[PDB]
Structures are given as structure tokens and as C-alpha cells.
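Peer 1: My sequence and its experimental structure, below.
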Amino acid sequence: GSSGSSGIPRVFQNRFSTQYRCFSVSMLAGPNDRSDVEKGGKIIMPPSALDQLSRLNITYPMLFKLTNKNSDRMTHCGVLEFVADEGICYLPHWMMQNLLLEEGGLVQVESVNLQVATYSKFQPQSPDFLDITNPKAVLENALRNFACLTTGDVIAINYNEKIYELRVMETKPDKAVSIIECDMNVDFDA
């Protein structure tokens, strides 16, 4: 109920919808920096998120819709652990570079429920991956870690001590999907 509408809101029903400050994972406490986290599609939201989602009547899966209002970017990720600071959401590094955001950048978040994908096309940004004799095995072995995927999401993977840049070209049925234990077909575009 406001007179202005900067981004033309559209939230009325009962669900989680707000902005959060995107930060790096290394910023988190601890003597060393976790790398396994970056090698996947999992983030960390404040404990308050758990209490809210619990009252919003939202069950698994629980994916969010990160809509970047800086370059019309869009990426759907999934929460893993609920142990972060207030007003300081911790997210991977690949998500930051893809969105081109900055330390403490507010991004529109929405709790959306998607389904598994039937057809997902990938397009290796770097020739390193294309050089691989078995790109499917490498992409399928890393995809197991990812929980969500969007059309045009520059997702980075690591296994042989190397970060292979991979960007999705097409996905089904919709742009955002939730690959949580299922059988789909991965195509290529090169």
C-alpha cells in the first residue's frame, strides 16, 4: 500500500518476499574458508528465515527467486543451512560474479515452488570443458550438487582442482527448475 511502485510490486498472497544483502561465503566465521560450498548450489540464510518459512506454510522444496534489479538478471537458488547473520545473507562466489553484485547488495527474493526439469541444455563457456572427452560425465557428476537451474545461469564447477565455467542455454519445462533426484536428458550447444 504505497504511492510510487519503483519495481512494480506484485505480492499479495502469503509467502516469503523481501530483499537481502548478498555476501561472500568466506566472510563467514571459522579459521579456514569452505570451498565445497562454492562448488554447488547451496546458500545460508539467517535463522529468522526458518521461523518465517515455518509460519508461511512452506514445505520442501524451498527455492528462492533472486531477481537482480541492476542488469535484469535472474537466478533461482536453494537454501541449505539456516545459520547466518541478520541482514547478511551468505551466497557462493559463482552467483555473485554471474549477477555482478557487490558486497552487501540487496536483491529481491521470492519463495517460489518449481519442479524437476525434463530437458536441460548446457553451453560450456570455456574450451577446457569442451576439450574433455566425456563432458556429460563431468557435468552430470557436478550437477548432482546443484539443486536449481535457470536459463542463462553461469554456474561454475570444480573437481580436478580446476573451476570449469558452465552456462545453461535452455531448460524445461520453465526457465527455473528444481533438479532434486530425478531422471532428465542433458543436451549440448556448441
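Peer 2: Arrived safely. Residues are numbered from 1 along each chain as shown.

Peer 1: going forward, measure contacts between C-alpha atoms and count neighbours the same way
Peer 2: OK.

Peer 1: All the helices of the protein, residue numbers only.
Peer 2: Taking DSSP state H, the helices of the chain run over residues 47-55, 94-99, 127-131, 135-143.

Peer 1: Nearest to residue 153, out of those helices?
Peer 2: Evaluated over the helices of the chain, closeness to residue 153 peaks at helix 94-99, with 7.1 Å, by CA to CA.

Peer 1: partner residues bridging residue 168?
Peer 2: Applying DSSP bridges to residue 168 gives these bridge partners: residue 122.

Peer 1: can you tell me how far the residue nearest the centre of the chain sits from residue 27?
Peer 2: Ranked by distance to the mean C-alpha position of the chain (CA atoms, centre = their mean), the top residue is residue 77 at 2.6 Å. Taking CA to CA, to the nearest Å as the measure, residue 77 falls 19 Å from residue 27.

Peer 1: repeat for residue 97
Peer 2: Distance check for residue 97 against residue 27: by CA to CA, it reads 16 Å.

Peer 1: Leaving out sequence neighbours, find the closest residue to residue 150.
Peer 2: Distances taken as CA to CA, 6 or more residues apart in numbering place residue 176 nearest to residue 150, at 4.5 Å, with adjacent residues excluded.

Peer 1: I'd assumed residue 151 was in contact with the one you found.
Peer 2: Yes: using CA atoms under 8 Å, residue 176 is in contact with residue 151, at 6.8 Å.

Peer 1: The two: who's more crowded?
Peer 2: Neighbours were counted for residue 176 and for residue 151 using other CA atoms under 10 Å; residue 176 has more, 25 against 21.

Peer 1: contacting residues for the more buried one?
Peer 2: By CA atoms under 8 Å, 6 or more residues apart in numbering, residue 176 lies in contact with 75-76, 114, 148-151.

Peer 1: how about those in TSV, adding distance to residue 157?
Peer 2: As requested, the contacts of residue 176 are exported to TSV (distance: CA to CA, whole Å):
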residue	distance to residue 157
75	17
76	17
114	23
148	14
149	13
150	16
151	17
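
Peer 1: how's this protein carved up into domains?
Peer 2: Here the domain parsing of the chain from curated CATH domains is 1-115, 116-190.

Peer 1: end-to-end on the shortest one?
Peer 2: To tie it back to what came earlier, the one meant is domain 116-190. One end of domain 116-190 sits 24 Å from the other (CA to CA).

Peer 1: Run the chain-centre distance for that domain.
Peer 2: The chain centroid and the centroid of domain 116-190 are separated by 13 Å, computed with CA atoms, centre = their mean, to the nearest Å.

Peer 1: just to revisit the earlier point, the contacts of residue 176 in strands, which ones?
Peer 2: 75-76, 148-149 (DSSP state E).

Peer 1: Now the two most distant members of those residues.
Peer 2: For these, the maximum inter-member distance is 8.9 Å, found between 75 and 148 (CA to CA).
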